[PDB]
Every structure is written in structure tokens, then in C-alpha cells.
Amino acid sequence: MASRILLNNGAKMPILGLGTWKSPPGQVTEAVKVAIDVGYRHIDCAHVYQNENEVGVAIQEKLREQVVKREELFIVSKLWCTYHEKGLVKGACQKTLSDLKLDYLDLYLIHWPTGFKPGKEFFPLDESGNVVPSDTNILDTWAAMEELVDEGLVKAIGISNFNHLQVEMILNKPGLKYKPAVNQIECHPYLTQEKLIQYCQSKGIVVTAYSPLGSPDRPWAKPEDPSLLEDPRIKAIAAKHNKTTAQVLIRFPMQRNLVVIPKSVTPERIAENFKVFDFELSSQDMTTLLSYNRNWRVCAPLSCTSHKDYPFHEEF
């Protein structure tokens, strides 16, 4: 396996990065420091996570320390839904850059296809709990993203949580200047995404798998929910390979030509999750893991399900 995948902007992206959603601000600086020390070169960030300043402290220290060069890092962040307004995109990007202590991002993603009313609240609601949309056409948001490339703020742009008709709309945008480099979507053995991934790869868009361990720390977890990490069938595949179940869950998307971004704030697990470049799942193992699909989707925000661009009503 190569450690990096070539994007349609000509840059190479590490196929393993560190996720940072839910990483507490008093733990994420150490987590990212440890991650860089143990070989991670890709960090997945977002303004909505409320921890970019602390991620940035870690990145900056490792750069200052000359543990790594900036060109060796691949830092990803995202444009939140309340900033889809072509006069807010640049400022949102710049705030992320300032917090991360960077002068460019390697990749900046539209976090969701759904624009929300601008303001202080990340999920502005009406009195019945429905998110308040913005009217901004996503094609217009895409044009705003393209400007960020042309201004030097970001090396690549992409999308997240876009369904295939939404990807297609971007690809069919009149006057499209830059194709999306990446679509970042939920993907794991219970939500295998075969249809959406084949579509994206056919267009040359790299897919990043989020929540690859099934997000056991998701705030809405229930004790009765499915558990990838506890699935005896996955544990058996892991045992056959002398690996952990997490290592199998990370290697799985890698062998589908995906990028994968497991989150941890536990130093031992950070180091564990990186030890996935020295074994191979067989094709039979891969097909077996794929067979576990159930369309079990953990990120599906109820408040957004009436938004006209909500992505998950479409089959894929």
C-alpha cells in the first residue's frame, strides 16, 4: 500500500488521518502532538468542532520543533453550514487558518450540502426544532470555494455528506473551474456505501471514510445500538491477522482506495490505529466485511431532514 493517494488537483493525500470531532479541547493538543510523533501526517478538523485553536497549538509546536515540515502535513478543515453565503466563505476559512496557525489548508470541504441561516448558532432552529435554511445555491458556495484556491488559502477543495445527485450537480456546474477533490462521507461495515463510492471514484473524486469505528462516543449512542468494535465476526477477522478490531476497521477502507480518519484522544490507541500498513485483508475478508452492511447511519441530523438539500433521503 502507498501511504498517500493522488488527488485530482495533483497533490498527494495521506490515506490515514486523525479525526478530531469530540476530542476535548484539553486533550486534543496532546493527541495531535502524539499523532505527529507516531507518524500521522493528516489531521481532519472543522470549525464546528470548537477545538481548532487547540489542534493548531499542536501543529504549530511540531512545526516549530521541526518534527515535520509544513509540506509534509496534510491539514483538512471544513466550511460550516451557517457560512454558505458567498460574503462569509473567505472569513470562515481565514478564521480556521488563524486558529490552526496555518497560511493554507491542504483541503477545505463544504461540510454539508445544506446551508443554514447565518448567525451565532451552528444549528439555528425554528420554534418547532427544524433547522432554518439559507437560500444560497450550493453551486454559488462552490464558486466561493474555488476563489479560495485562487487566493492561495487552500490547495484543494471538496465536499462532505453529498449524495451522488449533489456530487453530479457540482460536476455539472456551468463554468466549473475546479472539480471537488474529495467527498468525505460516513463509511464502515454497517454503512458500506458501495453505490456512492463507485460513483465518486469513477469521476476521480477520492472518498474519505468518516466514523470508521462507528463513532462509539457519538453523543446519541444507545447501549443497544450496533457496535462494530464489539462485533464478534470482525473480532474474528482481527484475531486471524493478529490485529485489533480497530486496526481491521481502519485497514478495510484503505483497501477500497479510500482515505480514513479514525478519531482518538487516547495516546496508546493513536499509536495502535497507525499500525495498519503491515498487513493485508484478503479479498474474501473484504467481501465478508462488506456483507455486514445494514444502512446503519450514525450521522443523520433530525433537525435537518426537511431541508431541501438534506442528503440522506436519496438512496445514494
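Residue positions are given as counts along the sequence shown, with the first one as 1.
Once the C-alpha B-factors are averaged per stretch, 142-150 and 219-227 rank with 219-227 first.
276-284 and 32-40 differ in mean CA B-factor, and the higher of the two is recorded for 276-284. If you compare the C-alpha temperature factors of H188, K155, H241, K179 in the entry, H241 comes out highest. The entry lists C-alpha B-factors for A209, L105, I170, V206, and the highest of these is at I170. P24 sits in the middle third of its chain by CA B factor, as recorded in the PDB entry. Ranked by Cα temperature factor within the chain, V89 sits in the middle third according to the deposited record. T192: CA B factor in the middle third of modelled residues in this chain (values from the PDB entry). Among all modelled residues in this chain, the alpha-carbon of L100 has a temperature factor (C-alpha) in the middle third. The entry lists a Cα temperature factor for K69 that places it in the highest third of the chain's modelled residues.
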